[PDB]
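First, one chain by itself: the form deposited in one PDB entry, in structure tokens.
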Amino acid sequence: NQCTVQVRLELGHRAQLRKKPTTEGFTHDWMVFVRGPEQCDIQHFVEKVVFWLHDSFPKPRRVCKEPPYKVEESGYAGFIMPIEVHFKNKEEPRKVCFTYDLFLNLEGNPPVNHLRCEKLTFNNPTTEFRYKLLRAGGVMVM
């Protein structure tokens, strides 16, 4: 009476040099996201994604209750960004935290376009959460 369900999350970011006045201080535009692979719908099992920005940002706790799960910002430095993916789960685990390396392109390097692929293994999900994981394009491994 085991079942294991695997789902994939993609965390990623894009960064490039910003174009505004010498006197506006942000050197970069960036974008950070959480998504499913092609033809998966992670909204079936994801309640919300919380992006914890550097304390220097206004409202550093950025919440996406629905897709797209992303933050678009301007900034002057990279930082380590905690990213919490909350589940539509009534038991443990209720969420996963990732520590995301939000690094910028320095000294005339090309734009950054990074992806981090995370495989989540749910052991013995409740019947309802199992269904959500599968609706999202999750796979039974037993």
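Residues that one form lacks are left out of the comparison. Note that residue numbering follows the sequence shown and begins at 1. Each form is matched to the other, and the largest set of C-alpha atoms that superpose within 1.5 Å is called the rigid core.
We do not show the form deposited in another entry, though everything after this point is about it.
For the listed set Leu106, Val96, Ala77, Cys64, the sole C-alpha moving 2 Å or more between the shown form and the other one on a rigid core superposition is that of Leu106. Core-superposed comparison between the shown form and the other one: the C-alpha position of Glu24 differs by no less than 2 Å. In contrast to the form presented, in the other form the C-alpha positions of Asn109 and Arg14 spread farther apart by 3 Å or more. In comparison with the shown form, the Cα-Cα distance of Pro21 and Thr27 decreases by at least 3 angstroms in the other form. Shifted regions between the shown form and the other one (3+ consecutive residues, every CA moving 2 Å or more on the core fit): 19-24, 105-112.
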